[PDB]
Each structure stands twice: as C-alpha cells, then as structure tokens.
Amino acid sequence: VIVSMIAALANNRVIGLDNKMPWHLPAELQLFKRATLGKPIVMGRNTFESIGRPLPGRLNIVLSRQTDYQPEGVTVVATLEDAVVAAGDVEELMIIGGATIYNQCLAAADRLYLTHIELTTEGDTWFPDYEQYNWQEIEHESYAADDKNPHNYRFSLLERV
C-alpha cells in the first residue's frame, strides 16, 4: 500500500491552533475531500475530535492508545502497524494527520498531498520539516483567493525520491 500524507500548511508550516484550523477555505476542504474520498484515512485522536465526526465515504481509522476509546462510526487502532492492517487490501492509504502522526510517518511517506496557504498565522501544531528529504512535484495547481476563499493557496503533489 502507498503511504500518502495530506495537509494544508500556512507559512512556517502551521496547520493548527487550539485543536482547530487557523483559517477557513471551503474550496480547499473540498480539495481534501476530493483527494481522500473512497480511501482509508488515518488520523490521530486529536484530529478526529477536531473534525467532530467520521468523514463520509471513507474508512475512518483513528489512532489512540486509550484502550477504551471508541467513538461511533470509526475504527480505533493502538499502533501505526495496526492502522495499516486496518486500511486493508487497498492501493493507497491517506494519513490525514495531526502533527503527531505526520511526524511519525514522514520518513515512510511515499507521497505528500500539500496545499500551501499564503498566510502567516499563530499556531500550536506544525507540519514536519519534509524538505529535509528529497521530493519531486508530480502535480500542482494555484488557486487565487476569491469570493468564498479569502486566501491564495497552491496544491502540490510530491513523490518521495
């Protein structure tokens, strides 16, 4: 199975503050849905709680070592090894974070689905320093700020080298 990680980072690799996203770009969230629909998504307990419910059309796998932790509609696993197994016989698995999971999986990541948001904001969670490794961009698309999305952002699909 291909190990991919998807995230949206503001400048300085910021991805969150107070267990929430420091911005609101509905069109970017639709890009997230587009990139994960039909695929198993693996996330940390904090990220699952920030989302507030399982995401439709995807196998929701949540990581937590609290043995009695079991929200409705999601599969809970106690280790990353169990998350992969839980994903099943699929072609690609999507690590949807949070910083904790990105950190642990970066070294093993095959692809990074990154959205760079042109914004400098306060944060308490950051995406790992992926540039310490070698990647080659496979796809990209720039999205100018608009009516319902007040920030410019750029999508970049990186493949590990």
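The numbering used is simple: start at 1 and walk along the sequence shown.
- When 32-40 is weighed against 130-138, 130-138 comes out higher, by mean CA B-factor as recorded in the entry.
- The stretch with the higher mean CA B factor, choosing between 14-22 and 140-148, is 140-148.
- Across 46, 60, 67, 125, the greatest Cα temperature factor reported in the deposited entry is at 67.
- Note on 161, 8, 157, 5: the highest value goes to 161, judged by CA B factor as recorded.
- Ranked by C-alpha B-factor against the other modelled residues of its chain, residue 71 falls in the lowest third.
- Among all modelled residues in this chain, the alpha-carbon of residue 107 has a temperature factor (C-alpha) in the highest third.
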